[PDB]
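Novice: pasting an experimental structure, sequence included:
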Amino acid sequence: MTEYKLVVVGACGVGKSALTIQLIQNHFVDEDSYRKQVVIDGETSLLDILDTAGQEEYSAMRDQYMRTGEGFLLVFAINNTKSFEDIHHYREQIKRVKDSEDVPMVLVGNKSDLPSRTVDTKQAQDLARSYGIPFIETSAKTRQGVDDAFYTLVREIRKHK
Amino acid sequence: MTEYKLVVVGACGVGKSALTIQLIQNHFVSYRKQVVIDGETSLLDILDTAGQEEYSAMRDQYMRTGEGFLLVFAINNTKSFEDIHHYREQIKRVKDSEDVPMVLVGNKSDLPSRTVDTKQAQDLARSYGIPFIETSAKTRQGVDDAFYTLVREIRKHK
Amino acid sequence: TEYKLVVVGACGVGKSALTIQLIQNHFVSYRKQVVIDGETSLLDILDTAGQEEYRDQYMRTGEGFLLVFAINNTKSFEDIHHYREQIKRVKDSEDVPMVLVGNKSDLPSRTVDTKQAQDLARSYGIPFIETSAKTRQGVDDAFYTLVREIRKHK
Ligand SMILES: Nc1nc2c(ncn2[C@@H]2O[C@H](COP(=O)(O)OP(=O)(O)O)[C@@H](O)[C@H]2O)c(=O)[nH]1
Ligand SMILES: Nc1nc2c(ncn2[C@@H]2O[C@H](COP(=O)(O)OP(=O)(O)O)[C@@H](O)[C@H]2O)c(=O)[nH]1
Ligand SMILES: Nc1nc2c(ncn2[C@@H]2O[C@H](COP(=O)(O)OP(=O)(O)O)[C@@H](O)[C@H]2O)c(=O)[nH]1
Ligand SMILES: *CCS(=O)(=O)NC1CCN(C(=O)CNc2cc(Cl)c(Cl)cc2O)CC1
């Protein structure tokens, strides 16, 4: 059976854990590792997921997951300009550790349910276009885009393989 | 607000009209509907192709006009599933693009006489890189999901 | 039970094509026995095509009116106001059964949008039905809806 090691990266507080909880546990209320078998396009897939902002205690485990991670969600929040500005850093770090220019990634703009917006959808779309990766708008609260984000990433991994 | 022109294609008798009627009128025996998808209100305009679709020239016109396509087969009609590749190839040819919003739809899911397995259809959709939704115009299973997913694919393309 | 229906609208909007599609069921004063709302009805349909504008008896006698414009003919839509006002004046009533009909819906382009027509029909307090005499889309709906409006009035 196929396993996918996924890493969810982005600034503290953008909703990485919330997105992963919604995917895996199917709830939201207002732990950084998860493991579950799902079915994606008829293929049974074990997802092994790590959420990380890059500043957590277990750096050794983080470096391991970065090296073996097959795909990455690059997450910012639409009401957090700094988190959007941080995306380039995260992508550059992944490319360095993987020593590759072809790493499966999806850009995720979370908290789309909130009326406070400081990052334009066009900004994000433009950035994702430059990187050659999909952009998905999500809300961990309403479930908007959550399956799409993770499943699109799994589809990017298959493309790569 | 944003209007999306949608075209439902597939073999005669797979339930394209039935799917449309179930979407718009919530009935199983009007082509426009306002919907909210992912927080955005949109107008679905399903092109009415009845009568005219028998002519290739008109089919070409509808394909050029449409922004996204449901590729419908019936799960108790193997030939209708086999016909899907041809229909997709015509859309790609006419719109001169290898990237056109489409969703694969396996209709009549309520029937026991299934001859097209979920796996066969999933494999096809995975190859095309498009969503696959199983539907029944009779029970309403999957009907909103099929059309709303197509809108999502159109939005991604644009 | 007889219903006297009158089809009005600018030249070339499809008044005759709609009438013939209803009666004879093909695309190019009339009577047709129909069943509507379970009731057997005799429809007397006056196609005013070619009728000279200079028909007081037909209007006063007419029980319901199809106000037809073509969705690719802005002027024909503008002309609907004329017909509406003329009929209300001549019949001397504010409650005359009418249906607004936007014909030629099969054409690939349109210059009168659905919202425009829906809003005008709302102003008038009448139904709006999009039709194609060519494909028969909406044709029965238009005439049957008018019969229903007459019944509500009666
Ligand atoms: N309204 C809203 N709040 C969210 C969303 N995602 C996360 N949150 C909230 O944002 C805060 C931080 O989320 P968290 O998952 O801990 O962020 P992380 O540090 O990236 O793992 C929490 O209070 C969450 O409930 C969302 O999509 N919408
Ligand atoms: N049992 C079942 N019958 C269906 C379904 N959808 C359509 N039908 C029937 O299939 C036949 C053809 O449907 P229709 O909408 O006319 O097909 P079209 O030619 O693709 O537009 C009709 O007898 C419908 O009642 C479905 O989901 N379940
Ligand atoms: N494409 C299309 N042409 C129509 C339709 N209805 C009428 N026509 C054409 O428009 C022209 C005028 O139709 P006609 O019935 O004579 O209009 P009238 O003057 O209002 O009675 C003719 O060439 C018809 O064939 C329709 O629904 N679609
Ligand atoms: C149901 C018999 S029919 O001859 O009237 N319609 C056929 C025509 C051939 N065909 C398709 O090409 C696939 N469906 C389809 C494609 C397009 Cl582009 C359009 Cl506009 C409409 C339809 O139905 C099957 C149905």
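Specialist: Alright, I've got the coordinates. Numbers count the residues shown, from 1 in each chain, chains lettered A, B, ... in the order given. Ligands and ions are numbered 1, 2, ... in the order given.
Novice: quick check: longest strand in chain A by residues?
Specialist: Of all the segments of type strand in chain A, defined by DSSP state E, the longest one is strand A:43-52.
Novice: what residues does the helix or strand that it is followed by touch?
Specialist: Scanning forward in sequence from strand A:43-52 by DSSP states H and E, the next helix or strand is helix A:59-68. For helix A:59-68, the surrounding residues in contact (CB atoms under 8 Å, 6 or more residues apart in numbering or on different chains) are A:5, A:7, A:50, A:52, A:54, A:56, A:93-94, A:97-98. In this view, the C-beta of every residue, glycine as well, is placed from N, C-alpha and C.
Novice: one more time with 10 Å, if that's ok
Specialist: Under the contact criterion CB atoms under 10 Å, 6 or more residues apart in numbering or on different chains, helix A:59-68 has outside partners A:5-7, A:9, A:32-33, A:48-50, A:52-56, A:58, A:69, A:72, A:93-94, A:96-99.
Novice: list the buried residues for the longest strand of chain A?
Specialist: Buried residues in strand A:43-52, counting neighbours by 16 or more other CB atoms under 10 Å in any protein chain shown, are found at A:45, A:47-52.
Novice: rebuild those as a markdown table, extending it with distance to residue A:120.
Specialist: Below are the buried residues of strand A:43-52 laid out as a markdown table (distance: CB to CB, whole Å):
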| residue | distance to residue A:120 |
| --- | --- |
| A:45 | 33 |
| A:47 | 31 |
| A:48 | 34 |
| A:49 | 29 |
| A:50 | 29 |
| A:51 | 26 |
| A:52 | 26 |
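Novice: got CSV for the residues you listed, with distance to chain C too?
Specialist: Below are those laid out as CSV (distance: CB to the nearest CB, whole Å):
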residue, distance to chain C
A:45, 45
A:47, 46
A:48, 51
A:49, 47
A:50, 50
A:51, 47
A:52, 50
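Novice: can you narrow the residues you listed down to the ones near chain B?
Specialist: Near chain B, taking CB under 10 Å from any CB of the partner chain as the test, no member of the buried residues of strand A:43-52 is found.
Novice: can you name the two of these that are farthest apart?
Specialist: Using CB to CB, the buried residues of strand A:43-52 reach their maximum pairwise distance at A:45 and A:52, which is 20.9 Å.
Novice: ligand 1 contacts on chain A?
Specialist: Neighbours of ligand 1 within chain A, by CB under 6 Å from any ligand atom: A:12-18, A:30, A:51, A:110-111, A:113-114, A:139-141.
Novice: list only buried entries from the contacts of helix A:59-68.
Specialist: A:5-7, A:9, A:32, A:48-50, A:52-53, A:69, A:72, A:94, A:97-98.
Novice: before we move on, back to that, give me the helices and strands touching the longest strand of chain A, please.
Specialist: strand A:2-9, helix A:16-25, strand A:33-40, helix A:59-68, strand A:71-77, helix A:146-160, helix B:118-128 (3 or more CB pairs under 10 Å, 6 or more residues apart in numbering or on different chains; DSSP states H and E).
Novice: now the ones you listed in a markdown table, with distance to ligand 2?
Specialist: Below are the helices and strands packed on strand A:43-52 laid out as a markdown table (distance: least, CB to the nearest ligand atom, whole Å):
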| stretch | distance to ligand 2 |
| --- | --- |
| strand A:2-9 | 33 |
| helix A:16-25 | 31 |
| strand A:33-40 | 23 |
| helix A:59-68 | 45 |
| strand A:71-77 | 36 |
| helix A:146-160 | 25 |
| helix B:118-128 | 15 |
